[PDB]
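Here's a solo chain for you in structure tokens, the form deposited without this ligand.
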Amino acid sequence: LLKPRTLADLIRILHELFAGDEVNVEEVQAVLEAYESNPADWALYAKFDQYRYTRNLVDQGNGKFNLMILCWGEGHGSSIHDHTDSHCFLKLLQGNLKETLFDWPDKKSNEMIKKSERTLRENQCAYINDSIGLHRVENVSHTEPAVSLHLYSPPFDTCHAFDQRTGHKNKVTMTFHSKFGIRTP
């Protein structure tokens, strides 16, 4: 496990770590954390939208994981969501994100209430999966966009969004704003 000097080396070490069947979560998190965000490395993926956060595919991990860059304008956030029985690693490349943790709801319609919340700062790496809980990610800044590096394994095309007032969930199809630096139709 060596310190990645650049995004490209980070991706090379990631392919080595996911070469097997089973993920060593702590080692992935440690190496994502060790990568010191350099904007020159990832400017190509930092494609923003005025109305909501964008998902920008970087690498498909030989089918073992999706590595993608998310671009969060001021005030942009996600729904409360799950991660489709996959691992989710979330590293801050620039700015700050607020993460709010929720428990899976009862089957009785009730307001979802937060377990916790925390700020993720530049270069920190958060980890989550469905056995830990659900979560919402937002850029609450009024002045600074955020950029995060997300790694899901196994990859998934769809997830669930949760309505904070009832806990009822609906299915959501992930959209890509770009793939490999190329904007999608």
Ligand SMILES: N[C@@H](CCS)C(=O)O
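All residue numbers are counted from 1 along the displayed sequence.
The same protein also exists as the form deposited with this ligand bound; that form is not shown, yet it is the one meant from here on.
Annotation: pocket open; no atom of this ligand, superposed via site C-alphas from its pose in the deposited complex, falls within 2.4 angstroms of a backbone or C-beta atom. Shown alone, this chain has one stretch from 26-34, 42-50, 57-65, 150-158 that lies within 4.5 Å of this ligand in the deposited complex by heavy atoms: 150-158. The partner is absent here, but in the deposited complex a heavy atom of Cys88, alone among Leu101, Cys88, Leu92, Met112, sits within 4.5 Å of this ligand. Shown alone here, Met174 lies within 4.5 Å of this ligand in the deposited complex, counting heavy atoms only. Contact check for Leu70: a heavy atom falls within 4.5 Å of this ligand in the deposited complex. Interface membership of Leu134, defined by any non-hydrogen atom within 4.5 Å of this ligand in the deposited complex, is ruled out.
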